[PDB]
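# Notes for the structure review
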Amino acid sequence: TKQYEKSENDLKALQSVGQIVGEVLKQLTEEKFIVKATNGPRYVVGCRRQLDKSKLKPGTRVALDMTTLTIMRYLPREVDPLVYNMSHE
Amino acid sequence: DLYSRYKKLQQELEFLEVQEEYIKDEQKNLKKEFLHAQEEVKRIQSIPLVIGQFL
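What counts and how
Residues numbered from 1 in each chain as written, not as in the entry; some residues may be left out. Chains lettered and ligands numbered in written order. Part of a larger assembly, values for the part shown. Heavy atoms only, no water. Helix = DSSP H or I, 4+ residues; strand = E, 2+ residues; numbered from the N terminus. Rg over C-alpha atoms; globule rule 2.2 N^0.38 Å. Buried < 20%, exposed > 50% of the residue type's maximum accessible area, 1.4 Å probe, protein only. Contact = heavy atoms within 4.5 Å. Areas by Shrake-Rupley, 256 points an atom, 1.4 Å probe, with all protein chains shown as cover. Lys, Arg positive; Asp, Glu negative; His and termini not counted. Charge placed at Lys NZ, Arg CZ, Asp CG, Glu CD. Buried area = accessible area lost by both parts, 1.4 Å probe. Salt bridge = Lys/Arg side-chain N within 4 Å of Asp/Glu carboxyl O. Polar contact = N/O pair within 3.5 Å; in protein donor to acceptor, adjacent residues only side chain to side chain. Nonpolar A, V, L, I, M, F, W, Y, C, P; charged D, E, K, R; others polar. Pairing = 2+ DSSP bridges. Axes fitted to C-alpha atoms, helices over the stretch in contact; angles between N-to-C directions.

- cryo-EM is the method the PDB entry states for this structure, with the resolution given as 7.0 Å.

- Under the PDB entry, chain B has the name 26S proteasome regulatory subunit 6B and belongs to Homo sapiens.
- The title field of the PDB entry reads "Nucleotide-driven Triple-state Remodeling of the AAA-ATPase Channel in the Activated Human 26S Proteasome".

- If you look chain A up in the PDB entry, it shows as 26S proteasome regulatory subunit 10B from Homo sapiens.

As structure tokens, then:
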């Protein structure tokens, strides 16, 4: 009964939309950083207030907001095929 | 007649004088409104702005 409500409160976090993946290309100023969508449009947006550009760097896989498109979170490395070529024994 | 029209010639003179200080204060306030319009066009627009391929 309580764990079901926990999954309900889990779902109370899920209405928040997922951000858009991004690759920081380069930067211009502290409010302007060259970024492109995976579909090709290039943008310049502002960051969030926790980060330093040492946590970004140019040529970095990142994420942007869905409206303001602001730089928020990120991961440096991802890909589909790599580990799935490993598993033949 | 001479003194008559002589007393008639400072009417429009003082009227143009109060128009001077008027239009001065007018274009002073409208100037600050144009400076406000400069704050608009310099605020306009974005941040964030999509760059594009120019020909």
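After presenting the structure, the write-up continues.
### Here's the deal with the overall build of chain A
- A count of helical and extended segments in chain A gives two helices and five strands.
- Reading the helices (α) and strands (β) of chain A from amino to carboxyl end gives α-β-β-β-β-β-α.
- Relative to its length of 89 residues, chain A is extended, with a C-alpha radius of gyration of 17 Å against a globular reference of 12 Å.
- With the C-alpha coordinates of chain A rotated into their principal frame, the extents come out at 55 × 40 × 25 Å.
- For chain A, with 89 residues in total, the buried portion stands at 19%.
- Of the contacts made within chain A by residues no fewer than 6 positions apart, 40% connect residues no fewer than 24 positions apart.
- Accessible area of chain A: about 7,400 Å², with a carbon and sulfur share of 53%.
- The positive charge centre, built from 15 side chains, and the negative charge centre, built from 11, are 7 Å apart in chain A.

### Some details on the interface of chain A and chain B
- Taken together, the contacts link six residues of chain A with five residues of chain B.
- Of the roughly 440 Å² buried at the junction of chain A and chain B (both faces included), carbon and sulfur atoms supply 70%.
- Ranking the residues of chain A by area buried against chain B places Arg42, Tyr43 and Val44 of chain A at the top, with a combined share of 66%.
- There are zero salt bridges connecting chain A and chain B.
- On inspection of chain A and its partner chain B, the count reaches one residue pair in polar contact.
- When grouped by side-chain class, the residues that make up the side of chain A that touches chain B number three nonpolar, one polar and two charged.

### Points about the environment of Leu69 of chain A
- Along the chain, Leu69 of chain A turns up in the loop between β4 (60–64) and β5 (71–74).
- Excluding residues within four positions of it along the chain, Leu69 of chain A makes contact with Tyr43, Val45 and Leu64 of chain A.

### Comments concerning the sheet that holds strand β3 (residues 42–45) of chain A
All names here are of chain A.
- The strand order across the open sheet built from five strands is β3-β2-β1-β4-β5, with neighbouring strands paired in antiparallel fashion. Of all the strands in the sheet, just β3 and β5 have a single pairing partner and so form its edges. Mean inter-strand twist for the sheet, computed between neighbouring axes without regard to direction, equals 50°.

### Some remarks on the side chain of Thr60 of chain A
All names here are of chain A.
- Tracing the sequence through the fold places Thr60 in strand β4.
- Among the polar contacts listed, one links the side chain of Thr60 to the backbone oxygen of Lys57, at a separation of 2.7 Å.
- In contact with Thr60, not counting residues within four places along its chain, are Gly22, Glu23 and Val24.

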